[PDB]
């Protein structure tokens, strides 16, 4: 499938809730917070009203990258758009199509791989909240962008992936030929290099080349730093087959620390040849 043209006014409920161990997550239903927060998907032109509720004892905010918003939905104490304990607030995100301005230039549309995160827990820049788990993916699709069979979000948050304990994945399963979307977000203090075995993508907006004239480097490794976000779509096992295809940060100490995980690609019968959790 392909993404339609957008322009719908959408509405969703979000909650910030504490989780086990000092963690904090966003969710769509309450008691259902997740780290990372729920995937938000929009087509260019859509408006999203986030009816936001802070179920915690400390203030929290919701700040987004890439998308259009007014200063009232910045999500910062500096602009007084945070949410006091037990409070509620409507965060409005807008998105727009690319097009030709009157001056002759081309306006960049909103499409891309983006993210949202806290901006006031711990510090005026959300360092505690981000640490605590208050981050999530946002995909904005352009008319005609190819839709995946599945989307998986991988966040390098300091020395952890998705705030999971070290050496605990997460793992993603696919079958050969699946079109699999990866959303990649980085947070915290450190730079990282995200690597995938057996697969590769184009370093551009969609992670796929537009055609034979796209000169974007094709890569399997990409340096990123805090609040970087990119994404891509690969064909699972393409030209390489089924297997437990490793992905990991490729900074040596980081991978040794357990910033590693698995792309479990299965044949149609379900077999992953040679796979053997030790």
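Residue numbers count along the first chain shown, from 1.
Between 49-57 and 33-41, it is 49-57 that carries the larger average Cα temperature factor according to the deposited entry. Once the C-alpha B-factors are averaged per stretch, 253-261 and 14-22 rank with 14-22 first.
As recorded in the entry, 169 carries the highest CA temperature factor of 169, 198, 144, 112. The maximum CA B-factor among the listed residues 151, 204, 95, 79, taken from the PDB record, is found at 79. When the modelled residues of the chain are ordered by their C-alpha B factor, residue 107 lands in the lowest third.
Ranked against the other modelled residues of its chain, the C-alpha B-factor of residue 87 as given in the entry falls in the highest third. In the PDB entry, residue 193 places in the lowest third of its chain by CA B-factor.
Residue 182: CA B factor lies in the lowest third for its chain, per the PDB record. Among all modelled residues in its chain, residue 120 ranks in the highest third by Cα B-factor.
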